[PDB]
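Only one chain is shown below, in structure tokens, and it's the form deposited in one PDB entry.
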């Protein structure tokens, strides 16, 4: 046997334990292949079980320290001296065609993959599976429900709601790529005093004809004014006669039955959902079901109430049903689940909704993409499902995120998301016209500008970890130089130009290129880069951070761009021209994959 054989032995090798081996996928992750190899070999040298070595292998910070490394201390070898072991094991390590070099360094052992070896396997793999390159089957017939955005249709959809939307869109695409069935659910906040306020407000300032001219502009004007009332008349006018109370009243009429209200409501409900469907689509998102606070009946809600008692979780307080979660967690406190008047509160509705979902979908996992401002709530909610004894309770997860600051209707700082997009599109359109020759070759400058701007908007948000807050600033959405959406778009766009620029050669020929011709440092760094996308995605699903992907995407595009200035595809020998076309080709495919994963839309020209 030999090299093509070692690969087989390594692909059908579960050196990892029943737990971690479910992570080893030598077949679709070059780094895993190496993890296997390195483990098998280092075991033969060290005497240490390979299952102990595998998880001790770490991907490096920068590509200067190798492709993987292992901290000897981690192996916990009694009385040993890591620095010596490193040296010993390192100088004796079999490189073969896999590794380029193994070098001891302090208590660590670094492993430098052989770029040639990588090239021959990764590019073809990438060029062949294309949109499925990063893919990996991490789950066996599992269904997940991801509830995201879930806005209150009675309030302006501003820049702040961009977050729960794109994050949820991301997790959805990510989960699918790793083998999950995904239900994209928008849990619309469409049943309460808030809508009441909007309805009342429409009587006060609404104008049926202006509504038709531009529903949204008018409705916003309505929202604005009616809200000035609640503010201006603070604690004066007695409830029944005040605006606020008048709003609560309108909701009563609905929750009561008033066929008159349930009509103006349903009218709004249908319309809003239509307006939303376009917006989400403009962000490459298509919900499977548009649920909502309304969709959870008093049946499901009360059935839950009984369960709280049935399990001895509630206590009576002057007619109100409460739940003191202290027993379970001091920080959780007490929660009102139903008030004296009988009205079940939102904490109870959420539990209803939950149970309803488990019944209808029998999901293996449900992800709640809410904002950090609902941390306590989310926690209580989860705790309750636990103590209710639901098996699935343990399959619920809350993915939070920081807030976009600088959005206030009463401060006039408010700016709708549809407009943020639009305004950015126009700006991107102008920079696009700065280059006549090129601009001329674009068929739909408008469509493309909007794609470019959206990438700008999305990336600037996904660059840092969800948890981080950030100040709304137009310059954040309008920048195109440096690490910005436009940067990725331009890289993708120029890699395509290079392709078109050499139609003379086609993909089929790329896969069988003489990869040995990709020996330059720049090409090596880029090759190594290419084989990490698979690890990136799997790590992405652990951190649930768009930034996990975006960070990679820039290292990739950065390296690509470096290469772009030294490795020409044009004016070369057909042999070298095909070699680099396969390199840039794969690079483009990976960038394509990642961008889509994040929810952006690659552009061919800009």
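Only the largest set of C-alpha atoms that superpose within 1.5 Å between the two forms is called the rigid core. Residue numbers count along the first chain shown, from 1.
In what follows, reference is made to the form deposited in another entry, a form of this protein that is not presented.
In a rigid core superposition between the shown form and the other one, 226 is the single residue of 536, 226, 367, 122 whose Cα is displaced by 2 Å or more. Core-superposed comparison between the shown form and the other one: the CA of residue 163 stays below a 2 Å shift. After superposing the rigid core, the C-alpha of residue 239 moves by 2 Å or more between the shown form and the other one. When two forms of a protein are overlaid on their rigid core, residues whose CA moves 2 Å or more are considered shifted, and residue 422 is one of them between the shown form and the other one. Relative to this form, in the other form the C-alpha atoms of residue 424 and residue 592 separate from one another by 3 angstroms or more. Note: residue 463-residue 23 Cα separation is 3 Å or more longer in the other form than here.
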